[PDB]
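Here is the structure we will look at, set down as C-alpha cells.
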Amino acid sequence: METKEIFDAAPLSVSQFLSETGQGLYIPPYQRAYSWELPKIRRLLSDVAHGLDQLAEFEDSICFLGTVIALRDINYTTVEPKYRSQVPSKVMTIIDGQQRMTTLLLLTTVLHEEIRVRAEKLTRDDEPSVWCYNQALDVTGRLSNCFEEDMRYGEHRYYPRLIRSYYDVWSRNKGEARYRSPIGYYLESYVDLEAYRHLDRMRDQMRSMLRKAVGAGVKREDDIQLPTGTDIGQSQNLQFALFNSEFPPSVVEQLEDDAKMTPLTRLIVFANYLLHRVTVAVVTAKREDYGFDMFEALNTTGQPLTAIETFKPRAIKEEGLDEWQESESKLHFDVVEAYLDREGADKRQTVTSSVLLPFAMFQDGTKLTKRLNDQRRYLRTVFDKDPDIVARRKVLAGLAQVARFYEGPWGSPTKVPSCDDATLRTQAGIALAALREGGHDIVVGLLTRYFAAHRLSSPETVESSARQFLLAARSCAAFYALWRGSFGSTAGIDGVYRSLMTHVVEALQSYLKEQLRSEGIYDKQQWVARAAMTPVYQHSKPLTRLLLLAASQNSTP
Amino acid sequence: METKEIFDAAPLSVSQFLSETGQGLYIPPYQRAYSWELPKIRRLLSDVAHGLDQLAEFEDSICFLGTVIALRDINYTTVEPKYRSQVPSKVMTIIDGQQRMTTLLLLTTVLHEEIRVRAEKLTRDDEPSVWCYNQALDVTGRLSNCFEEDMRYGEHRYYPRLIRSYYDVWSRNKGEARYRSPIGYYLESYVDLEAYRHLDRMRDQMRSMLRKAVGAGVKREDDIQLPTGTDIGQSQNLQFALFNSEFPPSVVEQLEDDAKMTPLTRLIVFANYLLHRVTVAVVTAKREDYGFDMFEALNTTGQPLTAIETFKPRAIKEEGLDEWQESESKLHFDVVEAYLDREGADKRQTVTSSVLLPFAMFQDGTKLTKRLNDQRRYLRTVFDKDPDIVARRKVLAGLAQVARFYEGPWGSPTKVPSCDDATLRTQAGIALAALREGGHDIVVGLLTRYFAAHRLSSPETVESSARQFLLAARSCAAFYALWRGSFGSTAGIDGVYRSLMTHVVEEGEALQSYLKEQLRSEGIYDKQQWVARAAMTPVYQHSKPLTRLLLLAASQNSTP
Amino acid sequence: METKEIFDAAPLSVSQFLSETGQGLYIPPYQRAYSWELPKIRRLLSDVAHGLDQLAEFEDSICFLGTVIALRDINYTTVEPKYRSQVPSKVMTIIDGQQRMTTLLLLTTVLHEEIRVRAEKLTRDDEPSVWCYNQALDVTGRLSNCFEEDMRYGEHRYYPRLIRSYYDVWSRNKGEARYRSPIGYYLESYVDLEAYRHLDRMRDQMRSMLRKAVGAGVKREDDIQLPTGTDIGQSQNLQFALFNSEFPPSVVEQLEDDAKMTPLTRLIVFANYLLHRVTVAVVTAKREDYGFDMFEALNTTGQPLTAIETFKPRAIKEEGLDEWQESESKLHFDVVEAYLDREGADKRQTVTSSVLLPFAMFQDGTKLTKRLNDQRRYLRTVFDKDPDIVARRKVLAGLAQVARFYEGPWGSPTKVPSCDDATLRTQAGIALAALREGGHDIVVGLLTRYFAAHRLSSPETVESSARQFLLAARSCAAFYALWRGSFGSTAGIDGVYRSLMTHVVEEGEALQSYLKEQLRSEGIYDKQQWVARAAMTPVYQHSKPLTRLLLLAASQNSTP
C-alpha cells in the first residue's frame, strides 16, 4: 500500500517534540554512548544562536537542528527493562540523532538553572523586572516540561525501577536539582566511566559557555552571540515572535541601560528562541527495518551547492536575464574561474568561504561566517539593497576579492607597481608574504583596495594609488607585528580591523596608530616592554618577522 | 507556527510521484548537468533488482531511492522562461535528487521501448500468452504516464515553446518515438555538447544493461539479478504483489518452460516493481531557503552501524538477559575485538563484511552480499534457526572466522601445527599465504572451517588429527585454486567452492580432495588437457598465481 | 489551492482535545447560552457508558460524541476583551458543538470531585488498594489537565482580567474547589441569571447521575450501566485498554468481594474510558466564513439505514449468492413486507426496533436495545453462530415475529385457532388485546415463539395441539402480568420474563405455567398475601391494567 506508514515525517519545534504529554525517548540497545566533541557542541549552540540572531531582522528565518529517525514502538518490544505496568504511552526509540538529542536536553539543563538562579538574584519586586521574574518562571517551568513529567506518585516510576545511563542519570539528577525548593543555588552534577566523564563534562561546559555569554569578555574563536538588551528592545519582531506580545515599554528602557536583568533576559530570549523557533525533523517509522533502510535513504542524498552557485542564478535572473552575457556576467566569470581553479567538493566550500568572508568586510564590514545560511543571505541582502546599478558594483567586488587572492596574498607575492620607488615594492611584498601566514586575514579584506588601485582612472591618477596600496600593505603588517607581536593574542586585531572599515591612506595609518594608542600600546617604552614578554610560539611567522625586523635593520647602521 | 510549511514530507511510488496528473518536475538554474557515472546507475538498478528479488520471499521489503527535496512553486517564480499562459498546474523545482530523478525517468524510457518491441514478437493469439501482451500494454501505458502528459493541442505546449536540455530533449524525442504508429522498432536518439553525449550514452547503456538480463550470458561483475519465469510463477507473493492477482495457471506453465515470452514477462515484472513497490520520500518546501537549510539538515545526520552492531542486541537479549555476561558473550567479545582492532568508520563496515561473507559459507553456505539489509537478515535467520544451544554455535562460528582472520588469512602465514611433519607445515603455509593474494576468497570460509575444527578438537585424544587435516585442506585449496585459475577466469571456481560446502552427503578430509577433484574432472582434468589450458592462460590474470606457478615449476627442480 | 485549509479534520480522544498544553477553547459572542436539557445529558453519559460497556467484549468499539467545528484563530480577532500579553497561543473558537463541549467539560468536573473524595475515604495503606489511591491520583491529574493550565503567576492570567460566563465561572470556581488543599470534602457551587441557574443545576445533576450508579437502588428508566467490579476484573481487554497493563491479581479479588473501593474504581474505569476511548471529531477551518459554509455542509447529508437494511447484505451474501432467489429470501420477504407497510422516516427505525427487540428474546434470550451498533452486532452474531441450515431459522424467526406483529399484539386481536373450544378463543383474544398496552411487552416475544410454533406446526399431524397451546400461553401470560403489575411496578416482571426463556432445561405449555407460578411464589403469592399487595397498589400506573381488573371482578359475577 506504499502510501503506508514507511515514513511519517513531521516538523517540530524543540518543545513540541520534547514536551509532549505522554512521550518517552529511548536509546536502543545497539546505539553507543554519548561521545560528542566540544567543537561539535560549540557548532550546535552557535547555530541556534544564529537563529536567535537572524530573527531580529528577517522575521521568518528558522533554525534547524537536523532530523531524527525514530521507531514508534507500540508493544514496548524495545524497552530494555520491561516492567509493563508503567512504561510510557508513547515510546520513541531513537535510531539516528541520538547524539544531537543528548546535547539538546542538556542544553535545557544549563538554560534552566542559569535562568533559574539568575531569577533568584532577581530583585524580588521593584518595577518591570518582576516582569523578568515571570518571564523566567514561565520558561523554567516550560523546560521542566522537557526533562520529565509527573505521573502517579513515589519516585517517578513505581518504587524500584531506575535510571542509570550517562544521559539518563544526568537528567534524573537535574530533575532533582530543580525540584528541591529550599533555595535556588547553582547546581553541580556527581560500563566505562569515561562515558559519564565526557557527559558530565560536556554538560558543565554547556553551562560554562552560557555563563560565558552573560558578562563581557569577548572571544570569537568560541563564544556565541546572543543579541543583547540594548538591541533586543528595538526589534518588535523578536518581542512578538518570542513572547507573542510586545515587551512593556517600561522594560525596554531598563534593558537599554544593560541592567542586572539584561544578562538573564538574554538567556531567556535565547531559551524561547530555542524552545519555539528552532525545529527538528522527525521521521517515525513503525517497522524498524524500514527505519534502517530509511537511515540509508537519508545518508546518501546530498551533494552541495556553493553560496556563489546558489546566488549566481539571482544575478543571471536579476537585471541581466537570458540575454545576459553582459557586464555583471564578466564580474561573475572572474569568481567562477577562481573557484574552478583553486578547488575540486569540500575544497569548493572552504575556498568559496575564503572568498566570501573578506568580501564581507569589503562591502559594509559585516563579519560573514562559513554557514551556508549566512552566506546565501548576506550575498542576497547586499546585492538587493538597491537597484541595477549598485548590483553591478557588489558583484564586481566579489570578483575583485578574487583578483586579490591571485596577486598579493599567496600567488608569489611580487606584483603591486613593480617600479614606483622600487625599494617600496620590494619591501611591501614582505607584508603581503607574511600577512598570509597567521592571524592577519582581515588585513586581506582591507588591503583588497589595490582593488581601488586596479579600478582607477587610468594614467590620470594611477601611480598615486599603486603607491597607496604598497603603503597600506606595509602599515597592515606593521600594526600586525605590533598587536600580535606585542603581548596577547588575536581576536582583538580582528574586531578593530572590522570597525576601521565601518566606523569612519594617511587616514588608515592615523586610525590604526590611534587604536594602538587606545590599547595602551602607543609610546615606545611600554610596547617594547610588552613585546619582550610575548612568546613567538604564538606565530612562527611572527617570530621570524620580528627577528628579521631587528636583524635586517643593522644593514644600514 | 513552527508546525508550518517548513517540511511536509510524504512517501510515493514511482508512479505516484511521476504520473500525478498535474505535476511537471523542474530543474533550477543552479543545479549542474546530469553527470552520473555508470557505477551509480548500475547500483540504482541493482537496488531495485535486489528489491524485486527479496520480494518473492519476504512479502514486505521495499526498495528505497533516497529522498528528494523540491519546491512547490505556486507562483511560478522559478521557471526560467515564463510563458505563463500554459505553465503546468503543479511545478516542483528539484533542489536535491535531480540526478536520481533523471536516471529514473530514463529508466521508464527504456522499459517502455523494450517491453514494447519485445511484445511485438509476441504470438498475436494462441493462449494465455495474450495475457502477456495485455500485461505489456498496461505497463507501457503506465510508464508513458511517467514521461509525459496530454493537454490541449499542437506540439505539446502551444506553438513556439520548446524543450532543449539533455534530459528535456531526451524525453521529448523518446515520447515522439513511442507516439509514432508506423511500426514498433527500437529507438535510437538524435550548452557544451559533452552533456548531450553523456546523457544519450547513459540511456543506451541502461537499454544495454536490461537487454542483457534477458538472454543467457552471465556477468556478475555487472548485469542485474532478475528472477526467471521458472521461479516467478512458484511465488504467489510476487504475483499478488505486482499484479493484485495470481497469474493464470495457464501462464505459469508456459513460464516454467522459459518460453519466448519469459524475457518480456521478466522485464514487465521489473517495470511493475519499479512503478509500484520502490518508493521515494518527497519533502515539499514552499520557500526556497527552507529547502536549502533542510538539505543541510539531512546531509548532517547519519553514521552507520555494522550489521554486527544491530545483531548484538538480539544476542545479548536472547538466552542471556541482563545477567548476561555468559558463553555467547565471550563468543561475541572475540568478534568485537577483531573488528575494533583491524579497523576504526567505513573501514568498520568493510571489515565486518569481510568477516561475514565467509561465515555465511561457514554456516549453511549462503553467499552473503555486502548490503546491511541482507547481512542483518542472514544473521537473524541463522541465529534464530534453533534453540538456546545452536544459537551459541552460530555465534561461536562467527568468532572462529574472526580468529581465522588473525591466524593465517594475512597475519603471518606461519602457524598451523608448527611440528606435525614439518615439511607439510612449511608448505601449507605457502598455500595459506598464496590464497590470500587473489581470487580464492571463498576458500577462506572453507579453510576457516577446517582449522576451526582443529582449534575445537577432542584435545590430545584426537587433536593432532584435525591439526594435520588443516594443512592438508589448505594445500588442496590452493591447488584447486591454481588449477581453476589457469583455466581462464574466476567466478566459476567461486560457485563450485560454494557448492562443495552444501552439496555433500553421507550419514550424520579425503572427502574434500575427492569432491574437488571430481569437480575438476567435471570441468577438465586428465593431465594433457589441463596443461594446454595452462599455456592458454595469461598470468596477468593473477600475478599471485603467476608467481605460485613459477615457484611450482622451479622449486621442484631441487630434488630431481 | 482547494486542497488548502478549507477542512483540516482529525479524530481525537477527549484528553487529546481537552488537555493540549497550549490550547484554549473559546465560544464566540454570537453563540447562545448553554441551554442543554437533562434528557440530552442523560443520553450522552449513557452513550459513553455504552462504549465502556461494549468495550469489554469487543476489543475495538469506540464511543463517539459527534463532531465539533472550530476556527484556529491565529490573530485572536475573535477574543472579546483583548489583553494580548497573556492570551493563550492556540485559541480554538468553537463554531459548532459548543453545548456538547460544556457538558463534557462539566463531566470531567463531577468525575474529578467524586473520584477525589472517594479516594480520601480510602484506607490509606493496606493492600492492593493503594493501587486504587494511585489510579485515583492519575485520573484526577489528567482531568484537571482538562479544566485549566498553569501559565505565569498570580490568578492564572494576569491580575485584573477575569472569567465570568456561566460555563466560565463554573470552571474557575471548580478550579478553586480542587486547588484548595485543606481536606477533601464534597463541593458546593456559588445577562439573564436563569442561564447560570440551568448550568449550575445540570452540573450538580451529572454528579447526582454518577453518584447514583454507585450504590444500590436500580432504575433502567435512568442511571447508566457502569460495569461493576464483580465483572470488571474478569476482562483483560478492559484492564489493558484503560490502564495499559493487567491489574494486579492481588486486586481483582478484593474487587470480586465488591469491597469499599469498588464504586471508586468503577468511577475511575468510567473516567478513563471517557478520557481515552471516546473520541470526538474536530474540523478546524482557518477562515470563519468557511467554518459557516462547512457547518451547513455537514448539517445536510445523512439519512439512516435500519439494522435490517444493513443486515440483508450479509444474508443475501451468505449461503444465497446472487443466485439468491432462495429460502431465506422468502423468510426475509416477509419482514421486508411488514416494515415497508408499518412505516414511512424515523418511523422506520422505531418500527424495526419494535421487531428486533422481541426477536432477541426469540433466539437465546439476549435483550436488544435500540442502538444501531448493538442491533447490527446481535443480528450478525446470532446469524453467524453456525452454518446455512440454522441461519435460515434465524431469519425465519424474525419473519415469524413479524407475522405475529400482524396477527396479535396490534392487528385486530381476533385470531388464534378461530374454533378450538371457542370460549377459550374469545377469552385469549382479551389477553392479546390487553398485553399490547403497557409494560407487558416481552410477553409479546414469548407469545410470538409459541404461536410461531403453531403457525409452523406439524399441520394436521400435530397442528390443533399447537393452536391450543398458544392461547394457553396467552392467558397464562396476561395472568402472570396482572400479578406482577399489582405487585408494585414493572422492571422485575420483564427480567423474570427474560430468564424464563433462558433459564430452563429438560432434555433436548404446562412447563411455562409451572415456571411462572414458581417465580410468582419466589416473590409472593398464596392467596391472602397477593390480595394484600393488590390493595397496596395505585391504579394510575397503567389504565389498561385497571380496566382489566375491573372486568375480572365484574364479568365473573355472570356465572356466580
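In the C-alpha cells, chains take letters A, B, ... by order of appearance, with residues numbered from 1 within each chain and ligands from 1 in the order shown.
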
Return as a ChimeraX atom specification the residues belonging to chain B that are within 12 Å of chain C, counting only C-alpha atoms. /B:1,5,72,74-75,89-90

Tell me the residues of chain A close to chain B, meaning within 7 Å using only C-alpha atoms, as a PyMOL selection string. chain A and resi 2-3+7-13+29-30+64-67+96-97+277+295+297-302+309-310+313+373

What lies within 8 Å of region 387-400 of chain C using only C-alpha atoms, ignoring chain neighbours under 4 positions off, as a PDB file with C-alpha atoms, in the first residue's frame?
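The resulting around_13.pdb:
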ATOM      1  CA  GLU C 318     -24.150 -15.762   2.997  1.00  0.00           C
ATOM      2  CA  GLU C 319     -25.480 -19.064   1.679  1.00  0.00           C
ATOM      3  CA  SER C 327     -35.445 -19.776   1.028  1.00  0.00           C
ATOM      4  CA  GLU C 328     -34.078 -17.059   3.321  1.00  0.00           C
ATOM      5  CA  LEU C 331     -38.346 -15.598   5.133  1.00  0.00           C
ATOM      6  CA  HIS C 332     -36.907 -12.048   4.657  1.00  0.00           C
ATOM      7  CA  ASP C 334     -41.913 -11.471   5.000  1.00  0.00           C
ATOM      8  CA  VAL C 335     -40.089  -8.975   7.246  1.00  0.00           C
ATOM      9  CA  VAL C 355     -39.394  -6.039  15.560  1.00  0.00           C
ATOM     10  CA  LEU C 356     -35.797  -6.595  16.645  1.00  0.00           C
ATOM     11  CA  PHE C 359     -36.819 -11.452  18.409  1.00  0.00           C
ATOM     12  CA  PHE C 362     -36.967 -15.323  20.490  1.00  0.00           C
ATOM     13  CA  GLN C 363     -33.389 -16.565  19.957  1.00  0.00           C
ATOM     14  CA  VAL C 382     -26.932 -14.738  16.065  1.00  0.00           C
ATOM     15  CA  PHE C 383     -26.768 -15.272  12.305  1.00  0.00           C
ATOM     16  CA  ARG C 404     -47.023 -12.018  14.945  1.00  0.00           C
ATOM     17  CA  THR C 448     -44.530 -14.926  19.276  1.00  0.00           C
ATOM     18  CA  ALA C 452     -44.769 -19.286  15.833  1.00  0.00           C
TER      19      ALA C 452
END

List every residue of region 70-115 of chain C that has an atom at most 9 Å from any atom of region 200-205 of chain C, giving for each one its closest atom pair and the distance in Å to one decimal, counting only C-alpha atoms, sorted by chain and then by ascending residue number, as CSV.
residue,atom,partner,partner_atom,distance
C:103,CA,C:203,CA,7.8
C:106,CA,C:203,CA,6.1
C:107,CA,C:203,CA,7.6
C:109,CA,C:203,CA,8.3
C:110,CA,C:203,CA,7.4

Mind pulling up the distance from CA of residue 121 (chain A) to CA of residue 210 (chain A)? 16.9 Å

With only C-alpha atoms as the counted atoms, please give the residues lying no more than 12 Å from residue 479 (chain B), apart from itself and same-chain residues fewer than 6 positions off, as a ChimeraX atom specification. /B:427-428,430-432,434-435,440,443,472-473,485-486,493,512-513,516-517,520,545,548-549,552

Work out how far apart CA of residue 426 (chain A) and CA of residue 414 (chain A) are and give it in Å to one decimal.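 Distance between the two atoms: 7.7 Å.
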
Do you know which residues are at most 12 Å from residue 495 (chain C) counting only C-alpha atoms, after dropping those on the same chain fewer than 6 positions away, and could you put them as a ChimeraX atom specification? /C:220,361,365-367,439-443,484,501-503,519

Dump N, CA and C atoms for the selected residues as a PDB file, in the first residue's frame?
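Saved file again03.pdb follows:
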ATOM      1  N   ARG C 220     -33.171   1.660  35.369  1.00  0.00           N
ATOM      2  CA  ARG C 220     -33.459   1.360  33.964  1.00  0.00           C
ATOM      3  C   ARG C 220     -33.954   2.599  33.227  1.00  0.00           C
ATOM      4  N   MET C 361     -35.178 -11.983  22.235  1.00  0.00           N
ATOM      5  CA  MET C 361     -35.718 -12.928  23.186  1.00  0.00           C
ATOM      6  C   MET C 361     -36.044 -14.236  22.474  1.00  0.00           C
ATOM      7  N   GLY C 365     -32.330 -15.800  24.667  1.00  0.00           N
ATOM      8  CA  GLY C 365     -32.826 -14.529  25.141  1.00  0.00           C
ATOM      9  C   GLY C 365     -31.831 -13.475  25.561  1.00  0.00           C
ATOM     10  N   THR C 366     -31.202 -12.822  24.598  1.00  0.00           N
ATOM     11  CA  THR C 366     -30.471 -11.597  24.876  1.00  0.00           C
ATOM     12  C   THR C 366     -31.423 -10.420  24.667  1.00  0.00           C
ATOM     13  N   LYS C 367     -31.204  -9.343  25.431  1.00  0.00           N
ATOM     14  CA  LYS C 367     -32.080  -8.160  25.471  1.00  0.00           C
ATOM     15  C   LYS C 367     -31.561  -7.051  24.543  1.00  0.00           C
ATOM     16  N   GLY C 439     -46.462  -2.167  30.074  1.00  0.00           N
ATOM     17  CA  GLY C 439     -45.108  -2.686  30.227  1.00  0.00           C
ATOM     18  C   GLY C 439     -44.984  -4.147  29.829  1.00  0.00           C
ATOM     19  N   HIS C 440     -46.090  -4.890  29.799  1.00  0.00           N
ATOM     20  CA  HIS C 440     -46.037  -6.240  29.259  1.00  0.00           C
ATOM     21  C   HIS C 440     -45.705  -6.115  27.784  1.00  0.00           C
ATOM     22  N   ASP C 441     -44.427  -6.233  27.456  1.00  0.00           N
ATOM     23  CA  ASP C 441     -44.004  -6.298  26.070  1.00  0.00           C
ATOM     24  C   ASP C 441     -43.020  -7.420  25.754  1.00  0.00           C
ATOM     25  N   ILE C 442     -42.353  -8.024  26.745  1.00  0.00           N
ATOM     26  CA  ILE C 442     -41.550  -9.218  26.470  1.00  0.00           C
ATOM     27  C   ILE C 442     -42.443 -10.434  26.264  1.00  0.00           C
ATOM     28  N   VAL C 443     -43.544 -10.481  27.005  1.00  0.00           N
ATOM     29  CA  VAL C 443     -44.673 -11.347  26.702  1.00  0.00           C
ATOM     30  C   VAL C 443     -44.971 -11.413  25.198  1.00  0.00           C
ATOM     31  N   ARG C 484     -47.802  -9.552  38.623  1.00  0.00           N
ATOM     32  CA  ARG C 484     -46.597  -8.742  38.795  1.00  0.00           C
ATOM     33  C   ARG C 484     -46.890  -7.247  38.705  1.00  0.00           C
ATOM     34  N   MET C 501     -36.874 -17.628  29.415  1.00  0.00           N
ATOM     35  CA  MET C 501     -36.693 -18.082  28.043  1.00  0.00           C
ATOM     36  C   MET C 501     -35.244 -18.546  27.890  1.00  0.00           C
ATOM     37  N   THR C 502     -34.431 -18.200  28.887  1.00  0.00           N
ATOM     38  CA  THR C 502     -33.054 -18.657  29.007  1.00  0.00           C
ATOM     39  C   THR C 502     -32.842 -19.656  30.136  1.00  0.00           C
ATOM     40  N   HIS C 503     -33.532 -19.492  31.272  1.00  0.00           N
ATOM     41  CA  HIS C 503     -33.361 -20.354  32.453  1.00  0.00           C
ATOM     42  C   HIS C 503     -34.387 -21.495  32.474  1.00  0.00           C
ATOM     43  N   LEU C 519     -41.872 -18.559  39.841  1.00  0.00           N
ATOM     44  CA  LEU C 519     -41.325 -17.216  40.042  1.00  0.00           C
ATOM     45  C   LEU C 519     -42.265 -16.363  40.887  1.00  0.00           C
TER      46      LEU C 519
END

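Proximity to residue 114 (chain A) was assessed for A:259, A:56, A:271, A:95 counting only C-alpha atoms; the smallest distance is recorded for A:271.
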
So which residues of region 128-287 of chain B fall under helix (DSSP H, G or I) by DSSP, listed as an NGL selection string? :B and (130-147 or 166-179 or 194-212 or 229-232 or 236-243 or 249-256 or 262-277)

Pick out the closest residue to residue 146 (chain A) from this set: A:171, A:475, A:412, A:427. Count only C-alpha atoms.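 The closest residue to residue 146 (chain A) is A:171.
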
Selection near residue 486 (chain A), 12 Å with only C-alpha atoms, sequence-local residues under 6 positions removed, as a list in words: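 Returned residues: residues 478, 479, 480, 492, 493, 516, 519, 520, 521, 522, 524, 525, 526, 527, 528, 529, 530, 531, 532, 533, 534, 535, 536, 538, 539, 542, 543 and 546 of chain A.
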
Output file for the selection above: N, CA, C and O atoms, as a short mmCIF file (atom, residue, chain, number, x, y, z; two decimals), in the first residue's frame:
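Contents of part_27.cif, freshly written:
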data_model
loop_
_atom_site.label_atom_id
_atom_site.label_comp_id
_atom_site.auth_asym_id
_atom_site.auth_seq_id
_atom_site.Cartn_x
_atom_site.Cartn_y
_atom_site.Cartn_z
N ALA A 478 52.76 46.03 9.74
CA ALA A 478 53.33 46.70 10.91
C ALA A 478 52.39 46.67 12.12
O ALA A 478 52.79 46.24 13.20
N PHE A 479 51.17 47.23 12.00
CA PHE A 479 50.24 47.18 13.13
C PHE A 479 50.01 45.75 13.54
O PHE A 479 49.75 45.46 14.71
N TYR A 480 50.08 44.85 12.58
CA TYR A 480 50.05 43.43 12.86
C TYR A 480 51.20 43.03 13.78
O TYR A 480 50.99 42.54 14.89
N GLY A 492 41.19 40.53 19.18
CA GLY A 492 41.35 41.98 19.16
C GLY A 492 41.56 42.57 17.78
O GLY A 492 40.66 43.24 17.23
N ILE A 493 42.76 42.35 17.23
CA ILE A 493 43.10 42.80 15.88
C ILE A 493 41.89 42.66 14.98
O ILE A 493 41.60 43.55 14.18
N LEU A 516 46.13 51.77 18.34
CA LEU A 516 47.30 51.35 19.11
C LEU A 516 47.45 52.19 20.37
O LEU A 516 47.64 51.66 21.46
N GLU A 519 44.95 51.04 22.91
CA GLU A 519 45.23 49.76 23.60
C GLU A 519 46.31 49.97 24.65
O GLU A 519 46.80 48.96 25.17
N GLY A 520 46.63 51.22 24.98
CA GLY A 520 47.71 51.46 25.94
C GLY A 520 48.96 50.78 25.41
O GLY A 520 49.52 49.94 26.13
N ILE A 521 49.31 51.09 24.16
CA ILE A 521 50.47 50.45 23.48
C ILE A 521 51.16 51.48 22.59
O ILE A 521 52.03 51.10 21.81
N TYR A 522 50.75 52.74 22.70
CA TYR A 522 51.39 53.76 21.84
C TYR A 522 52.28 54.65 22.69
O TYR A 522 51.75 55.52 23.41
N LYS A 524 56.54 54.04 22.66
CA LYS A 524 57.85 53.40 22.74
C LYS A 524 57.96 52.40 23.88
O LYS A 524 57.34 51.33 23.82
N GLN A 525 58.66 52.79 24.95
CA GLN A 525 58.90 52.00 26.17
C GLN A 525 57.91 50.86 26.35
O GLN A 525 58.25 49.70 26.10
N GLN A 526 56.69 51.21 26.75
CA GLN A 526 55.65 50.23 27.06
C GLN A 526 55.60 49.08 26.06
O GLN A 526 55.78 47.92 26.43
N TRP A 527 55.33 49.42 24.79
CA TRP A 527 55.27 48.41 23.74
C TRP A 527 56.50 47.51 23.73
O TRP A 527 56.37 46.28 23.75
N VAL A 528 57.71 48.08 23.67
CA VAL A 528 58.90 47.24 23.69
C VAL A 528 58.85 46.29 24.87
O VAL A 528 59.07 45.08 24.72
N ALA A 529 58.47 46.83 26.03
CA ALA A 529 58.34 46.04 27.26
C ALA A 529 57.31 44.93 27.04
O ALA A 529 57.65 43.76 27.24
N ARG A 530 56.10 45.30 26.63
CA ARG A 530 55.04 44.29 26.40
C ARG A 530 55.53 43.25 25.38
O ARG A 530 55.38 42.05 25.64
N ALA A 531 56.11 43.72 24.28
CA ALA A 531 56.61 42.82 23.22
C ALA A 531 57.55 41.78 23.83
O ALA A 531 57.33 40.59 23.61
N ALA A 532 58.51 42.23 24.65
CA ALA A 532 59.52 41.37 25.31
C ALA A 532 58.88 40.13 25.93
O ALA A 532 59.44 39.04 25.75
N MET A 533 57.79 40.28 26.68
CA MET A 533 57.15 39.15 27.29
C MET A 533 55.99 38.59 26.50
O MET A 533 54.90 38.41 27.05
N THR A 534 56.21 38.31 25.22
CA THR A 534 55.17 37.68 24.38
C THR A 534 55.45 36.18 24.38
O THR A 534 55.47 35.59 25.47
N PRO A 535 55.63 35.57 23.21
CA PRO A 535 56.00 34.17 23.20
C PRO A 535 56.76 33.84 21.92
O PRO A 535 57.86 33.27 21.97
N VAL A 536 56.15 34.15 20.77
CA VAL A 536 56.69 33.74 19.47
C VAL A 536 56.93 32.22 19.45
O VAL A 536 58.05 31.75 19.60
N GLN A 538 53.70 31.64 19.42
CA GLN A 538 52.39 32.11 19.02
C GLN A 538 52.28 32.01 17.50
O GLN A 538 51.53 31.19 16.99
N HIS A 539 53.11 32.74 16.77
CA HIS A 539 53.16 32.62 15.31
C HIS A 539 54.61 32.54 14.86
O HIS A 539 55.35 33.53 14.94
N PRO A 542 55.23 35.22 13.01
CA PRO A 542 55.54 36.48 13.67
C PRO A 542 56.97 36.47 14.20
O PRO A 542 57.70 37.44 14.02
N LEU A 543 57.39 35.35 14.82
CA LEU A 543 58.76 35.23 15.34
C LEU A 543 59.78 35.61 14.27
O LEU A 543 60.62 36.48 14.49
N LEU A 546 59.73 39.36 13.43
CA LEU A 546 60.39 40.23 14.39
C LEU A 546 61.91 40.06 14.35
O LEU A 546 62.66 41.04 14.44
#

So how far away is CA of residue 410 (chain A) from CA of residue 436 (chain A), in Å?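 Between CA of residue 436 (chain A) and CA of residue 410 (chain A) the gap works out to 6.7 Å.
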